Amino acid sequence: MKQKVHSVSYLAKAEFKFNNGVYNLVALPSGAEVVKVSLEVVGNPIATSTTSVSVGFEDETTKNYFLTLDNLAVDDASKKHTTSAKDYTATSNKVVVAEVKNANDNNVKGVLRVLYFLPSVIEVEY
Amino acid sequence: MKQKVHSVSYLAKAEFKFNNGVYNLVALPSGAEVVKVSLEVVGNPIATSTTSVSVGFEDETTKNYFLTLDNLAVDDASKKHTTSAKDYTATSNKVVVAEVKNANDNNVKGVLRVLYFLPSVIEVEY
Amino acid sequence: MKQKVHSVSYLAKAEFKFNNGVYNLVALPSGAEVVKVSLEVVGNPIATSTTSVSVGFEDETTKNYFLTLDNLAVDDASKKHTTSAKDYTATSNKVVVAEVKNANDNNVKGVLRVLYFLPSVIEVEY
Amino acid sequence: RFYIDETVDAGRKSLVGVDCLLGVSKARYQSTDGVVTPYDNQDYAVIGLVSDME
Amino acid sequence: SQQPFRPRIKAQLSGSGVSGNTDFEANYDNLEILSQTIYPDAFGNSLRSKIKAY
């Protein structure tokens, strides 16, 4: 059976330090196929941490498409690594961004890993 | 430290229309390592939609190996995206298919994404 | 918009036989971006299966950095495929290892799939 | 050995690689049979001088 | 040979290429060929004359 598949795959890794604002983390080409979005929290967040992180798109108004991460104290163990449950095809050049607000903490950072396949396709026979 | 690794990897994306029936979606070679299978519903499923989609294998009797997806109305956000929890080694040339049944929606669609590694193997020394 | 991405990706598939002991499963180089770590159980853990399996690192005291797994017979449907919630970056050459203890069941087997990118980067602009 | 691949990205990029094959060992001889000598498992010509790193 | 003929055209090449220091392999283009199949038809007419005498 013939098929058209994506053979090229990139991992983009970006860091940000959890100070209030917006960071332009990852650049997605037009046609890219995002197959994994994951955020790791490096650093021990303080108790009573009223901080919020959100991974989304630069153009969208509420930057929360892929990921949300609030209350980094309710369950630190499970609030250390969070993977997006969504896959995404880029219809235009996009920018995956972090929207962090209410940073009542410091010495804490986030690492975003975006595994995406490139638009180019090849035809395979099996 | 020597080991054998798969170094070639493909992403196959296939969209189908959620009408009743069985669709030949993805062609896996013998010895392929299936490491991700995800399904996204694309549309706005009405209430009272007892439609059920199921991603499995063509040759097997019951096409529910990878994913089952029922009741696309209870939560229109958790069921928009559903990833499979199972990895798979293809002992023969396989065909990943999606069985749709009880299709009482309209204009709703399903995009299947399969990330699989090829059988080819190289040696690596770390 | 420039960035540096990892372009080279490997999958390592190791297989161990659920006996009391450790197993040097996957060899990670320094700089490896671990993006998936999954354990498939193969076989039928009989009733009274008090077998515990933990995937972690070799140079750590509790070799359970990625996965812990126990009471296989409680639900053979979910405990049959277990993926790790944590990605990882290798600072030095690591050895992903499975620690199996209290193995009281026969002919049960484990497969460890580790998808990781190589430390190498290339500079891309979209 | 040098390996100059001017064919990356259809010949738009380029790759230069360096490779060596070498055998390196601290002289430490063993007896061919099991006979025990003052030499049989010792650093042939090396003494270690260890002090603090300061 | 009046066999069914098949002419082919080359579609115009579109789609964004690659920007900057990006590999050609990040966005391949597709050489697209279209074709048509022209099949023959047979048709005819005939006149039947009256008796030679007339």
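Residues numbered from 1 in each chain as written, not as in the entry; some residues may be left out. Chains lettered and ligands numbered in written order. Part of a larger assembly, values for the part shown. Heavy atoms only, no water.

As recorded in the PDB entry, chain D goes by the name Major structural protein ORF14, listed as coming from Helicobacter pylori bacteriophage KHP30. As deposited in the PDB, this entry carries the title "Acidic stable capsid structure of Helicobacter pylori bacteriophage KHP30".

The PDB entry lists chain A under the name Cement protein gp15, with Helicobacter pylori bacteriophage KHP30 as the source organism.

*Asks:* Can you break down the interface of chain B and chain A residue by residue, with the values?
*Replies:* Every contact between the two is made by 19 residues of chain B and, on the other side, 16 residues of chain A. Note on chain B versus chain A: buried area summed over both sides is about 1600 Å², and carbon and sulfur give 57% of it. In terms of surface lost to chain A, no three residues of chain B exceed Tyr10(B), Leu11(B) and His81(B), which account for 36% of the buried area on that side. Taken together, the connections running from chain B to chain A amount to three salt bridges. Between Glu33(A) and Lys13(B) there is a salt bridge whose closest N-O contact spans 3.2 Å. Linking chain B to chain A there are nine residue pairs in polar contact. For the side of chain B that touches chain A, the secondary-structure elements that each account for two or more residues are strand 2 (9-16), strand 3 (21-28), strand 4 (33-42) and strand 10 (109-117) of chain B. The dominant element in the side of chain B that touches chain A, judged by the number of residues it contributes, is strand 2 of chain B, at five residues. By residue class, the composition of the side of chain B that touches chain A is 10 nonpolar, five polar and four charged. (Contact = heavy atoms within 4.5 Å. Buried area = accessible area lost by both parts, 1.4 Å probe. Salt bridge = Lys/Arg side-chain N within 4 Å of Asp/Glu carboxyl O. Polar contact = N/O pair within 3.5 Å; in protein donor to acceptor, adjacent residues only side chain to side chain. Helix = DSSP H or I, 4+ residues; strand = E, 2+ residues; numbered from the N terminus. Nonpolar A, V, L, I, M, F, W, Y, C, P; charged D, E, K, R; others polar.)

*Asks:* Run through the sheet that holds strand 5 (residues 52-57) of chain C, naming residues and quoting values.
*Replies:* Residues and elements named next belong to chain C. Spatial ordering of the open sheet is given by 3-9-5-6, a layout of four strands whose pairing is antiparallel. The open sheet has two edge strands, strand 3 (21-28) and strand 6 (67-69), and neither has a second partner. Along the sheet, successive strands turn relative to each other by an average axial angle of 15°, direction set aside. Here strand 5 runs beside strand 6; their pairing, made up of three bridges, is antiparallel. Pairing of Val 53 across the sheet is with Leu 69, part of strand 6. (Pairing = 2+ DSSP bridges. Axes fitted to C-alpha atoms, helices over the stretch in contact; angles between N-to-C directions.)

*Asks:* Go over the arrangement of the chains, please, and point to the residues and values.
*Replies:* Between chains B and C lies the most contact-rich interface of the six pairs of chains that touch. Considering only C-alpha positions, the minimal separation of the non-contacting chain B and chain D is 15 Å.

*Asks:* Now, about the environment of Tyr65(A): what can you tell me, with residues and values included?
*Replies:* All names here are of chain A. Examined against the element boundaries, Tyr 65 turns out to sit in the loop between strand 5 (52-57) and strand 6 (67-70). Counting along the chain gives 31 residues from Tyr 65 to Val 96, while the straight-line C-alpha distance between them is 9.3 Å. Once residues within four sequence positions are removed from consideration, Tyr 65 is found in contact with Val 55, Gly 56, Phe 57, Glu 60, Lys 86, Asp 87 and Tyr 88.

*Asks:* Go over the nonpolar core with me, naming the residues and quoting the values.
*Replies:* In globular proteins that are soluble, nonpolar side chains generally tend to be buried together. All names here are of chain A. If you look at the biggest cluster of nonpolar residues, it comprises 36 residues, and the most contacted ones within it are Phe 66, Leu 112 and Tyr 116. Elements represented by at least two residues in this core include exactly strand 2 (9-16), strand 3 (21-28), strand 4 (33-42), strand 5, strand 6, strand 9 (94-101) and strand 10 (109-117). In this structure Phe 66 touches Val 34, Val 37, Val 55, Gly 56, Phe 57, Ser 84, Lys 86, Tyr 88 and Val 96, once residues within four positions along its chain are discounted. (Core = buried A, V, L, I, M, F, W, Y, C linked by side-chain atoms within 4.5 Å. Buried < 20%, exposed > 50% of the residue type's maximum accessible area, 1.4 Å probe, protein only.)

*Asks:* Give me the relation of the copies chain B and chain A: which residues, what numbers.
*Replies:* When chain B is fitted to chain A, the residual RMSD is 0.4 Å, and the transformation amounts to a turn of 120° plus an axial shift of 0.0 Å. With respect to symmetry, the two chain copies, as superposed, fit the operation of a three-fold axis. Ranked by how close their C-alpha atoms come to the rotation axis, the residues of chain B are headed by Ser9(B), at 4.7 Å. (Least-squares fit on C-alpha atoms.)

*Asks:* If you had to explain the relation of the copies chain B and chain C to someone new, which residues and values would you point to?
*Replies:* Laying chain B over chain C is done by rotating through 120° and shifting 0.0 Å along the axis; what remains is an RMSD of 0.3 Å. A share of only 5% of the interface residues of chain B reappears at the interface of chain C, consistent with the copies meeting through non-equivalent patches.

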